[PDB]
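One file, model_17.cif, carrying mmCIF, C-alpha atoms and all ligand atoms:
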```cif
data_start
#
loop_
_atom_site.label_atom_id
_atom_site.label_comp_id
_atom_site.auth_asym_id
_atom_site.auth_seq_id
_atom_site.Cartn_x
_atom_site.Cartn_y
_atom_site.Cartn_z
CA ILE Q 1 -9.22 10.41 -7.59
CA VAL Q 2 -12.50 10.67 -9.63
CA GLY Q 3 -12.32 12.63 -12.91
CA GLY Q 4 -8.53 13.24 -12.83
CA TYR Q 5 -5.61 12.36 -15.08
CA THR Q 6 -2.57 10.08 -14.76
CA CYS Q 7 0.18 12.22 -13.09
CA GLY Q 8 3.12 10.70 -14.92
CA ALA Q 9 5.80 8.71 -13.16
CA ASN Q 10 7.41 10.63 -10.37
CA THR Q 11 6.00 14.00 -11.33
CA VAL Q 12 4.65 14.45 -7.72
CA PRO Q 13 7.90 13.57 -5.77
CA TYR Q 14 6.64 14.25 -2.27
CA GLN Q 15 3.68 11.72 -2.54
CA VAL Q 16 4.10 8.62 -0.31
CA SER Q 17 2.01 5.43 -0.12
CA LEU Q 18 1.35 4.02 3.39
CA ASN Q 19 1.47 0.24 3.16
CA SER Q 20 0.56 -2.39 5.82
CA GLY Q 21 0.60 -5.36 3.34
CA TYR Q 22 -1.40 -3.31 0.83
CA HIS Q 23 -1.72 0.44 0.06
CA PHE Q 24 -4.26 2.00 2.45
CA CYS Q 25 -3.62 5.83 2.53
CA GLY Q 26 -1.52 8.60 1.05
CA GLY Q 27 0.90 10.93 2.81
CA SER Q 28 3.34 13.73 2.01
CA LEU Q 29 7.08 13.79 2.58
CA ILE Q 30 7.95 16.96 4.55
CA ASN Q 31 11.68 16.34 5.15
CA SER Q 32 14.00 13.32 4.77
CA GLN Q 33 12.65 11.65 7.94
CA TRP Q 34 9.04 12.82 8.45
CA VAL Q 35 5.74 12.18 6.62
CA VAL Q 36 2.46 14.02 7.33
CA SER Q 37 -0.85 12.08 6.76
CA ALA Q 38 -4.42 11.99 8.15
CA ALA Q 39 -4.99 10.84 11.81
CA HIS Q 40 -7.84 8.61 10.53
CA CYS Q 41 -5.19 6.64 8.52
CA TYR Q 42 -3.52 5.60 11.83
CA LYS Q 43 -2.59 1.96 12.39
CA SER Q 44 0.41 -0.01 13.71
CA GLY Q 45 2.94 -1.64 11.28
CA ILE Q 46 3.15 1.11 8.66
CA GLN Q 47 5.79 0.89 5.90
CA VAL Q 48 6.28 4.14 4.00
CA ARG Q 49 6.68 3.73 0.25
CA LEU Q 50 8.43 6.67 -1.49
CA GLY Q 51 9.20 7.14 -5.21
CA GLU Q 52 6.18 5.18 -6.32
CA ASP Q 53 4.24 5.30 -9.48
CA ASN Q 54 2.73 1.86 -10.13
CA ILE Q 55 2.26 0.56 -6.50
CA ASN Q 56 2.00 -3.00 -7.84
CA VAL Q 57 5.26 -3.01 -9.92
CA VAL Q 58 8.86 -2.29 -8.62
CA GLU Q 59 9.95 0.17 -11.31
CA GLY Q 60 13.30 1.24 -9.85
CA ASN Q 61 12.70 4.55 -7.98
CA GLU Q 62 11.20 3.21 -4.79
CA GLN Q 63 12.44 3.57 -1.25
CA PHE Q 64 10.52 1.39 1.29
CA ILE Q 65 11.19 2.53 4.86
CA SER Q 66 9.40 1.47 8.09
CA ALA Q 67 7.87 3.99 10.42
CA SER Q 68 9.60 4.30 13.89
CA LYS Q 69 6.74 6.26 15.55
CA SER Q 70 3.33 7.83 14.70
CA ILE Q 71 1.94 10.81 16.53
CA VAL Q 72 -1.72 11.54 16.07
CA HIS Q 73 -2.70 15.16 16.72
CA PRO Q 74 -3.38 15.75 20.48
CA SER Q 75 -6.99 16.85 19.69
CA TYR Q 76 -8.00 14.41 16.99
CA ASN Q 77 -11.71 13.63 17.19
CA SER Q 78 -12.61 10.58 15.11
CA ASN Q 79 -16.30 11.24 15.28
CA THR Q 80 -16.04 14.76 13.80
CA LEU Q 81 -12.69 14.33 12.01
CA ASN Q 82 -11.60 17.66 13.49
CA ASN Q 83 -7.80 17.82 13.60
CA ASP Q 84 -7.41 14.93 11.19
CA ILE Q 85 -3.56 15.07 10.94
CA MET Q 86 -0.73 12.74 12.06
CA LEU Q 87 3.08 12.69 11.77
CA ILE Q 88 5.06 9.56 10.99
CA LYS Q 89 8.82 9.49 11.65
CA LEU Q 90 10.76 7.08 9.36
CA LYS Q 91 13.24 4.66 10.83
CA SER Q 92 15.98 5.95 8.41
CA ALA Q 93 16.19 9.14 6.37
CA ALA Q 94 14.99 8.92 2.79
CA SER Q 95 17.59 9.71 0.03
CA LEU Q 96 16.26 12.84 -1.66
CA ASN Q 97 16.78 13.43 -5.45
CA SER Q 98 14.46 14.88 -8.27
CA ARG Q 99 11.97 11.95 -8.06
CA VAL Q 100 11.85 11.73 -4.24
CA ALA Q 101 11.65 15.21 -2.74
CA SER Q 102 9.99 16.98 0.24
CA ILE Q 103 7.20 19.61 -0.01
CA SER Q 104 7.36 22.85 1.95
CA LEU Q 105 4.99 23.68 4.75
CA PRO Q 106 2.96 26.90 4.14
CA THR Q 107 3.72 30.29 5.66
CA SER Q 108 0.18 31.54 4.96
CA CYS Q 109 -3.18 29.92 4.52
CA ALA Q 110 -4.27 29.75 0.95
CA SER Q 111 -7.46 31.62 -0.05
CA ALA Q 112 -10.63 30.48 -1.80
CA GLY Q 113 -10.02 30.70 -5.56
CA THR Q 114 -6.41 29.24 -5.40
CA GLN Q 115 -6.00 26.27 -7.72
CA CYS Q 116 -4.27 23.25 -6.11
CA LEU Q 117 -2.96 19.76 -7.19
CA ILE Q 118 -4.50 16.73 -5.36
CA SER Q 119 -3.08 13.21 -5.96
CA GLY Q 120 -3.31 9.59 -4.83
CA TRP Q 121 -4.14 5.96 -5.64
CA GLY Q 122 -7.75 6.03 -4.36
CA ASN Q 123 -10.94 4.90 -6.07
CA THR Q 124 -11.64 6.45 -9.49
CA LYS Q 125 -15.42 5.87 -9.70
CA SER Q 126 -18.33 7.73 -8.05
CA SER Q 127 -20.57 4.60 -7.84
CA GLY Q 128 -18.69 1.30 -8.10
CA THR Q 129 -14.99 0.67 -7.56
CA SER Q 130 -11.80 0.69 -9.63
CA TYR Q 131 -8.51 1.29 -7.97
CA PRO Q 132 -5.66 2.50 -10.19
CA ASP Q 133 -2.21 1.07 -10.00
CA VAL Q 134 -0.49 4.35 -11.09
CA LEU Q 135 -0.73 7.76 -9.49
CA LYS Q 136 -3.73 9.97 -10.44
CA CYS Q 137 -3.84 13.79 -10.22
CA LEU Q 138 -6.59 16.44 -10.06
CA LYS Q 139 -6.36 20.26 -10.27
CA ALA Q 140 -9.12 21.77 -8.08
CA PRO Q 141 -9.86 25.26 -6.53
CA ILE Q 142 -10.23 25.94 -2.83
CA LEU Q 143 -13.85 26.88 -2.26
CA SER Q 144 -15.11 29.68 -0.06
CA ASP Q 145 -15.94 29.00 3.61
CA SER Q 146 -19.57 29.85 2.85
CA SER Q 147 -19.83 27.32 -0.02
CA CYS Q 148 -18.17 24.65 2.22
CA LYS Q 149 -20.46 25.23 5.27
CA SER Q 150 -23.62 25.49 3.14
CA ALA Q 151 -22.62 22.11 1.62
CA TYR Q 152 -21.94 20.50 5.04
CA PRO Q 153 -24.08 22.35 7.64
CA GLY Q 154 -22.90 21.88 11.21
CA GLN Q 155 -19.86 19.80 10.10
CA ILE Q 156 -17.05 22.17 8.93
CA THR Q 157 -14.67 23.48 11.69
CA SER Q 158 -11.97 26.16 11.31
CA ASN Q 159 -9.42 23.31 10.72
CA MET Q 160 -11.17 22.20 7.55
CA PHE Q 161 -11.61 23.60 4.05
CA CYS Q 162 -13.42 22.43 0.93
CA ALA Q 163 -11.84 22.09 -2.52
CA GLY Q 164 -13.32 20.77 -5.71
CA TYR Q 165 -16.42 21.36 -7.79
CA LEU Q 166 -20.00 21.78 -6.56
CA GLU Q 167 -21.21 20.35 -9.91
CA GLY Q 168 -19.47 17.10 -8.93
CA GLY Q 169 -17.69 14.75 -11.31
CA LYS Q 170 -14.18 15.45 -9.96
CA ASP Q 171 -12.95 14.78 -6.40
CA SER Q 172 -10.58 12.73 -4.26
CA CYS Q 173 -12.13 9.51 -2.83
CA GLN Q 174 -11.46 6.51 -0.50
CA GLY Q 175 -7.82 5.46 -0.71
CA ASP Q 176 -6.70 9.07 -1.34
CA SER Q 177 -7.04 9.83 2.39
CA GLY Q 178 -3.94 11.21 4.10
CA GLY Q 179 -2.64 12.51 0.70
CA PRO Q 180 -1.50 16.04 -0.39
CA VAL Q 181 -3.32 19.15 -1.55
CA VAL Q 182 -0.47 21.39 -2.85
CA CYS Q 183 -1.07 25.04 -3.85
CA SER Q 184 1.78 27.28 -5.16
CA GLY Q 185 4.36 24.70 -4.11
CA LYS Q 186 3.15 24.57 -0.47
CA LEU Q 187 1.27 21.75 1.26
CA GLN Q 188 -2.06 23.35 2.24
CA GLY Q 189 -4.39 20.33 2.72
CA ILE Q 190 -4.59 16.63 3.61
CA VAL Q 191 -7.37 14.49 1.98
CA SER Q 192 -9.74 13.88 4.91
CA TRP Q 193 -13.41 13.22 4.22
CA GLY Q 194 -16.55 13.98 2.06
CA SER Q 195 -19.98 12.43 1.42
CA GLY Q 196 -19.37 9.73 -1.22
CA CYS Q 197 -17.05 10.89 -4.01
CA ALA Q 198 -17.60 13.35 -6.84
CA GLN Q 199 -21.27 14.02 -5.87
CA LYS Q 200 -23.19 17.18 -6.72
CA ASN Q 201 -22.88 19.71 -3.90
CA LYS Q 202 -20.67 17.38 -1.86
CA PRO Q 203 -17.05 18.59 -2.40
CA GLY Q 204 -14.02 17.00 -0.63
CA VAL Q 205 -13.09 18.31 2.86
CA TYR Q 206 -9.45 18.73 3.72
CA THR Q 207 -7.46 19.35 6.88
CA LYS Q 208 -6.20 22.98 6.85
CA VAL Q 209 -2.42 22.39 7.28
CA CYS Q 210 -1.56 26.11 7.88
CA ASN Q 211 -3.26 25.87 11.30
CA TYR Q 212 -0.83 23.07 12.37
CA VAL Q 213 2.51 24.43 11.29
CA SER Q 214 3.74 25.26 14.84
CA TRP Q 215 2.64 21.82 16.12
CA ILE Q 216 4.50 20.11 13.18
CA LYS Q 217 7.65 22.14 13.70
CA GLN Q 218 7.73 21.63 17.49
CA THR Q 219 7.01 17.89 17.27
CA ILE Q 220 9.78 17.32 14.66
CA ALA Q 221 12.18 19.37 16.77
CA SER Q 222 11.83 17.08 19.82
CA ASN Q 223 11.31 13.62 18.36
CA CA D 1 6.23 0.58 -7.90
#
```

Whole structure, structure tokens version:
Amino acid sequence: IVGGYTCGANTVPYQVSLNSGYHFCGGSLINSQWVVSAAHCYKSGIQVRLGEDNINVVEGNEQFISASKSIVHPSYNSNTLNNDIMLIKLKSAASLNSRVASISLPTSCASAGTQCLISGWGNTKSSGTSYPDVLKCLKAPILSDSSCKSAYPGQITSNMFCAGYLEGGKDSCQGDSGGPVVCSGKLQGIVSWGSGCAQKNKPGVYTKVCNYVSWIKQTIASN
């Protein structure tokens, strides 16, 4: 996260870390057995790490559970990143408590102007690299569809929205991919892509989760 603040241990209880030997992407816990992340975070051998704050220290609230199957969206396009969303089923159900909790799926799409919380363990610098060990947080507004498309001409689909600041300085970044954008207690976005991080007129682009709610619900119901 560039230009954010330290969340505080376990203040974002639905945040997961996807680990294949090292942290490579974020994700959100949507019920005791399913995680939603970005389709571009797909790989085999994923271990889901719940209840994390410092991903390099075992502090006592962690649950490490292996994934039993991953399901990338049927229309994921890796060249355009349209439909960048994937579901991971855990091999065992997570034990839910105040520090490990699920986030609700939205009933409505959130409008431009809504302030949201974005979190993850991605890079914290706009040029150069420094990866945090503890979870970082950023409050950012959803931007209008016209600001988003004027920033990324020919690249924004209806399954995408922008959030952040056109002045730059604050944004998610590499490593935050797959992670949550929560607005009014509902998961509305998944960290997906952007041009660099925290650049002027280059806000983050996020997968619009409210378009995928029937696919999530039907897939969970049969798998
Ligand atoms: Ca830890």

Counting all atoms listed in the file, which protein, DNA or RNA residues come within 7 Å of ligand CA 1 (chain D), given as a count of residues only?
9

Computed interatomic separation between atom CA of residue 202 of chain Q and atom CA of residue 148 of chain Q (Å):
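If I compute the distance from atom CA of residue 202 of chain Q to atom CA of residue 148 of chain Q, I get 8.7 Å.
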
Which of Q:194, Q:145, Q:169, Q:104 sits closest to residue 210 of chain Q [using all atoms listed in the file]:
Q:104

Could you give me the axis-aligned bounding box of segment 195-199 of chain Q, with 5 Å of padding per side, as centre plus edge lengths in Å to one decimal, as lines of an AutoDock Vina configuration file?
```
center_x = -19.2
center_y = 11.9
center_z = -2.7
size_x = 14.2
size_y = 14.3
size_z = 18.3
```

Contact residues around residue 138 of chain Q with all atoms listed in the file at 8 Å, ignoring same-chain residues under 5 positions, as a list in words:
residues 1, 3, 4, 5, 117, 118, 119, 170, 171 and 172 of chain Q

Which residue, Q:180, Q:21, Q:154, Q:64, has the smallest gap to residue 208 of chain Q when you use all atoms listed in the file?
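The answer is Q:180, which sits nearest to residue 208 of chain Q.
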
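For the set Q:162, Q:48, Q:67, Q:135, the residue with the smallest atom-to-atom gap to residue 123 of chain Q is Q:135, counting only C-alpha atoms.
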
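Reported to one decimal place, the separation of atom CA of residue 30 of chain Q from atom CA of residue 223 of chain Q is 14.6 Å.
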
Once you count all atoms listed in the file, what closest atom pair and distance in Å to one decimal does each residue of segment 135-191 of chain Q within 12 Å of segment 76-79 of chain Q have, with rows by chain and rising residue number, as a tab-separated table?
```
residue	atom	partner	partner_atom	distance
Q:155	CA	Q:79	CA	10.6
Q:157	CA	Q:77	CA	11.7
Q:159	CA	Q:76	CA	11.0
```

If you measure from atom CA of residue 34 of chain Q to atom CA of residue 88 of chain Q, what distance in Å do you get, rounded to one decimal?
5.7 Å

So which residues are close to (10.3, 23.6, 10.9), meaning at most 12 Å away in the file's coordinates with only C-alpha atoms counted, and can you show them as a PDB file with C-alpha atoms, in the frame of the given file?
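File produced: point19.pdb:
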```pdb
ATOM      1  CA  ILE Q  30       7.950  16.960   4.550  1.00  0.00           C
ATOM      2  CA  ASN Q  31      11.680  16.340   5.150  1.00  0.00           C
ATOM      3  CA  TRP Q  34       9.040  12.820   8.450  1.00  0.00           C
ATOM      4  CA  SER Q 104       7.360  22.850   1.950  1.00  0.00           C
ATOM      5  CA  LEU Q 105       4.990  23.680   4.750  1.00  0.00           C
ATOM      6  CA  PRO Q 106       2.960  26.900   4.140  1.00  0.00           C
ATOM      7  CA  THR Q 107       3.720  30.290   5.660  1.00  0.00           C
ATOM      8  CA  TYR Q 212      -0.830  23.070  12.370  1.00  0.00           C
ATOM      9  CA  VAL Q 213       2.510  24.430  11.290  1.00  0.00           C
ATOM     10  CA  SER Q 214       3.740  25.260  14.840  1.00  0.00           C
ATOM     11  CA  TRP Q 215       2.640  21.820  16.120  1.00  0.00           C
ATOM     12  CA  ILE Q 216       4.500  20.110  13.180  1.00  0.00           C
ATOM     13  CA  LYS Q 217       7.650  22.140  13.700  1.00  0.00           C
ATOM     14  CA  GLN Q 218       7.730  21.630  17.490  1.00  0.00           C
ATOM     15  CA  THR Q 219       7.010  17.890  17.270  1.00  0.00           C
ATOM     16  CA  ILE Q 220       9.780  17.320  14.660  1.00  0.00           C
ATOM     17  CA  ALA Q 221      12.180  19.370  16.770  1.00  0.00           C
ATOM     18  CA  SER Q 222      11.830  17.080  19.820  1.00  0.00           C
TER      19      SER Q 222
END
```

Min atom-atom distance to residue 142 of chain Q from the set Q:50, Q:173, Q:72, Q:163, counting all atoms listed in the file, belongs to Q:163

Could you add whatever atoms are missing so that segment 55-74 of chain Q carries N, CA, C and O atoms, then write the result as a compact mmCIF listing (two decimals), in the coordinates of the input?
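Heads up, here's the output in selection-v2.txt:
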```txt
# COMPACT_ATOMS: atom_id res chain seq x y z
N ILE Q 55 2.07 1.23 -7.81
CA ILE Q 55 2.26 0.56 -6.50
C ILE Q 55 2.27 -0.98 -6.53
O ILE Q 55 2.61 -1.61 -5.53
N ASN Q 56 1.96 -1.56 -7.69
CA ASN Q 56 2.00 -3.00 -7.84
C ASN Q 56 3.21 -3.46 -8.64
O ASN Q 56 3.40 -4.65 -8.84
N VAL Q 57 4.07 -2.56 -9.17
CA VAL Q 57 5.26 -3.01 -9.92
C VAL Q 57 6.51 -2.39 -9.36
O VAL Q 57 6.47 -1.17 -9.17
N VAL Q 58 7.65 -2.99 -9.01
CA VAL Q 58 8.86 -2.29 -8.62
C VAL Q 58 9.54 -1.74 -9.89
O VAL Q 58 10.10 -2.48 -10.70
N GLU Q 59 9.51 -0.39 -10.06
CA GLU Q 59 9.95 0.17 -11.31
C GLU Q 59 11.34 0.75 -11.15
O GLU Q 59 11.89 1.25 -12.12
N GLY Q 60 11.94 0.75 -9.96
CA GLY Q 60 13.30 1.24 -9.85
C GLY Q 60 13.46 2.50 -9.02
O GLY Q 60 14.57 2.73 -8.58
N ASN Q 61 12.46 3.33 -8.76
CA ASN Q 61 12.70 4.55 -7.98
C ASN Q 61 12.22 4.53 -6.55
O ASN Q 61 12.26 5.56 -5.87
N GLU Q 62 11.81 3.35 -6.10
CA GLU Q 62 11.20 3.21 -4.79
C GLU Q 62 12.16 3.16 -3.62
O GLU Q 62 13.25 2.58 -3.72
N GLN Q 63 11.73 3.70 -2.50
CA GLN Q 63 12.44 3.57 -1.25
C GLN Q 63 11.35 3.07 -0.31
O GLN Q 63 10.29 3.72 -0.20
N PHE Q 64 11.54 1.92 0.36
CA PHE Q 64 10.52 1.39 1.29
C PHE Q 64 11.16 1.54 2.65
O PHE Q 64 12.24 1.02 2.87
N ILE Q 65 10.60 2.29 3.57
CA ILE Q 65 11.19 2.53 4.86
C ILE Q 65 10.09 2.33 5.93
O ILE Q 65 8.94 2.77 5.80
N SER Q 66 10.37 1.62 7.01
CA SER Q 66 9.40 1.47 8.09
C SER Q 66 9.28 2.71 8.96
O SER Q 66 10.22 3.48 9.15
N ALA Q 67 8.09 2.94 9.48
CA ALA Q 67 7.87 3.99 10.42
C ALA Q 67 8.44 3.65 11.81
O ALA Q 67 8.36 2.49 12.23
N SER Q 68 9.08 4.56 12.54
CA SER Q 68 9.60 4.30 13.89
C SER Q 68 8.62 4.81 14.93
O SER Q 68 8.68 4.31 16.06
N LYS Q 69 7.82 5.84 14.65
CA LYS Q 69 6.74 6.26 15.55
C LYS Q 69 5.68 7.07 14.81
O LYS Q 69 5.96 7.62 13.74
N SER Q 70 4.43 7.07 15.28
CA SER Q 70 3.33 7.83 14.70
C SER Q 70 2.85 8.68 15.83
O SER Q 70 2.90 8.27 17.00
N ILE Q 71 2.40 9.89 15.51
CA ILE Q 71 1.94 10.81 16.53
C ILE Q 71 0.67 11.39 15.93
O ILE Q 71 0.66 12.11 14.92
N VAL Q 72 -0.44 11.04 16.53
CA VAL Q 72 -1.72 11.54 16.07
C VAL Q 72 -1.83 12.88 16.80
O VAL Q 72 -1.38 13.02 17.96
N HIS Q 73 -2.43 13.86 16.13
CA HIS Q 73 -2.70 15.16 16.72
C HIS Q 73 -3.31 15.05 18.14
O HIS Q 73 -4.24 14.26 18.38
N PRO Q 74 -2.86 15.86 19.11
CA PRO Q 74 -3.38 15.75 20.48
C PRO Q 74 -4.90 15.91 20.54
O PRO Q 74 -5.53 15.30 21.38
```
